[PDB]
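Have a look at the structure below before the remarks.
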Amino acid sequence: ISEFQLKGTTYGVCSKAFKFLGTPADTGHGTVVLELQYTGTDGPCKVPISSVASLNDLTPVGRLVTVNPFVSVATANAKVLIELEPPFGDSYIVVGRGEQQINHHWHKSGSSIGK
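Under the authors' numbering, the first residue of the sequence shown is numbered 1, with each subsequent residue one higher.
Quick look at the structure:
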């Protein structure tokens, strides 16, 4: 399920220095827990993370549960666990902007993969 203000264009879409620490894992509460580390000393920017049902990142079907995805400071250099909402059947969790990205899958109660 999806709203505007939680995705919320609070700044321009950049991020540069992230790396995965923990790929998304379903909480059994309807959500996934996902962990990154922030691999640089810079980049106050609108962090591109998203939650969709078919890697249709072009129209967000889920949300970012933990926070509005925006890096408000250069001090964001943390190792940081974030919740997302992956919809039922399938989901795809995208981390990045055009030329610079990563993505991960999930499969939950009626997937194309049968779970």
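Think of the CB as a built atom: it goes at the ideal place given N, C-alpha and C, for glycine as much as any other residue.
>> Taking the straight line between their C-alpha atoms, what separation do you get for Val33 and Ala25?
In response: 5 Å
> From what residue to what residue does the beta strand (DSSP E) around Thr23 run?
Replying inline: Annotation for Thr23: the continuous beta strand (DSSP E) segment containing it runs 19 to 26.
> Of the residues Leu84, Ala78, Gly30, which one's Cα is nearest the Cα of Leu21?
Replying inline: Of the listed residues, the one whose Cα sits closest to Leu21 is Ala78.
> In terms of alpha-carbon separation, which member of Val73, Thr41, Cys45, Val80 lies closest to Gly8?
Replying inline: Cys45
>> What would DSSP say about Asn68, mapped onto helix, strand or coil?
In response: Of the three classes helix, strand and coil, the one that applies to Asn68 here is coil, per DSSP.
> Looking only at its own chain, which residues have a Cβ that is under 6 Å from the Cβ of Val95, when we skip the five neighbours before and after it?
Replying inline: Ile49, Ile102
>> Can you check which of these residues, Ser15, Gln100, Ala53, is closest to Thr41 by C-alpha distance?
In response: Per the C-alpha coordinates, the member of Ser15, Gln100, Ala53 positioned closest to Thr41 is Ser15.
>> Strictly by DSSP, which residues pair up with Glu3?
In response: None, per the DSSP bridge assignment.
> Is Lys7 close to chain D, meaning its C-beta is less than 8 Å from at least one C-beta of that chain?
Replying inline: Annotation note: the requested chain D is absent from the structure, which comprises a single protein chain.
> Roughly how many whole angstroms lie between the Cα atoms of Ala17 and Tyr11?
Replying inline: 17 Å
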